[PDB]
Each structure stands twice: as C-alpha cells, then as structure tokens.
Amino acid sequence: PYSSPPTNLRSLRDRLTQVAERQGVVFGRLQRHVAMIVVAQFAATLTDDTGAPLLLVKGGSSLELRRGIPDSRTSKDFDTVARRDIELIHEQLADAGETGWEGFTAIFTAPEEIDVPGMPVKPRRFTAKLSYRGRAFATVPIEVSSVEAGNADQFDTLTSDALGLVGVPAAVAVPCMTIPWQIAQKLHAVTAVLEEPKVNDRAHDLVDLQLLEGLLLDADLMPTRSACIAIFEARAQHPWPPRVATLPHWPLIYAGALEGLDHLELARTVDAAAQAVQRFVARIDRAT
C-alpha cells in the first residue's frame, strides 16, 4: 500500500516493476497500459457544452479495458472516434496534455491524415509524448476517426486500477465505443478486400471478434445487427453479411495474435477462428 504518489519517474517505474511482478504481467505491457490510461484521462476531459464526451476509445485499448491485460491482445495504438470535432480534437488534446493530469503531461506531434476508403473524412494519426513530473515517460500512437452512423450515440464507461496500484488514486473513467459498433467495424475490417498493392493482414481481428462475442454473453444481437448493417451500408464496399475468408499468409499472423492467451478458450487455428467468426456473423444476421 503506497502512501503517496511517486516522487519522480524513477519511483514510478520501480512501482510499476513491483506491481507487474505481483500481477504476473510483463513490465512493458503494464507500463504501456498506464501510458494509455493517462492519454485516456486527457481524452476524457474533452467534452461538448453539455458535458458529453468528445472522444470515445475503441480498438485494442478498449478491449484491454474491457477484458484486462491478461485476457486481451497486446497492442500499441490508442484508437478513438471523435464524436463531434474535426481538427479541434488535436488542439484540445494538446491543451489537456499541457495542463496535465496527476503529474503526467503530454506533447502531441502534428496530425497526419490517413487515406481510408468508405470514410468521407479521413482518420488522423499522431503521437503523444508523455512525461511524468518533467521527465519523458512513454510515447503513445493515437488514431482519431470520425463518427460513422450511430457509433457515437452511446458509450460504455470503463476503468482500470493500474494507477491506483502505484499510488495515484484519482478515479479513472474512460468513455468507450459500445460493443455492437466494435463488432461491426472489426467484421468490416477483417472481411475487407484491399487494392492490389495493399493486402489485408488483419487476422488479429479474428481474435478480437471472439473476445467481443464472449463479452456479449446472452445479449440480444439486434443492436449488433443494426450496427453491422449501418457500417456496411455507410462504407458502401462489400455487402452485409460478409464471408470470413482467410488469406494464405494469415496462419502465423493469427498465431502471433494468440500470444499470451493460452488460458482462454479460443480457436487455436486460423481456420477454426474463421469458422467461429462466420458462425457469429450468421447469428447476428438471424437476429430480429
């Protein structure tokens, strides 16, 4: 039980080392998780004039918040959806990072636009350079996408105790895109056909879609079906319902995506994973 926040970066890392050993987690994984939580706290300060979130977390960071470190893939990006703002997100994040949170500050590199088909307004990528009490701590790649259909209408609010465990008690509360839209977007991505030079490498989405199916439990799939239809129609590429094909180079990508997840009941080959996700597609499509 730590009585006080870490005096400095060296103390922060020593506490992170101790907690990671206590938890049986890779140090760098916990350190990245803490960096992500810090960026998410900056994002959680961004609100519209009613106080509603401007940014919702998605991607691997959301799955790590939903499932915990032991039960989620290692990933690096902090992926977000901007619920209203455009280029104002970057300016507002930069201000939030300068003000700081619980001793952490951040400078953000310039936003660069990303060319993605089916999206009228392009995603933006940049990097958060984090410091703790003056000294550089970690860097976090950030991606910001615009709203699609209803994927920002509602949000889940998730938490982590990782900073509490190193003596930083301030409540963590992270607004996240809901599971129906995460499923819709990952199903679209994992079944997308890319243009001749590019090729789809997204076999890891087969892991995340199994993890997301598990989190729906016995839920009615109707919100997920509506989100799936909305995303597939909005993007105007391949139609709903898709076929979960696998590409010849996917077996080892999928194996890499399983690293650290031996204790979970997941498909152990990419064929079995495609079969599982295809069954999920059919179950979603059946909903009424």
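Numbering starts at 1 and follows the sequence shown.
Higher mean CA B-factor, judged across 168-176 and 79-87 from the recorded values: 79-87. Look at the C-alpha B-factors of 248-256 and of 232-240. On average they run higher in 232-240. Take 158, 107, 216, 184 and read off each C-alpha B-factor from the entry; 107 has the highest.
Residue 222: CA B factor in the middle third of modelled residues in this chain (values from the PDB entry).
Ranked by Cα temperature factor within the chain, residue 196 sits in the highest third according to the deposited record. Ranked by Cα temperature factor within the chain, residue 287 sits in the highest third according to the deposited record. The PDB entry assigns residue 267 a C-alpha temperature factor belonging to the lowest third of its chain's modelled residues. Annotation for residue 203: CA B-factor lies in the lowest third of the chain's modelled residues.
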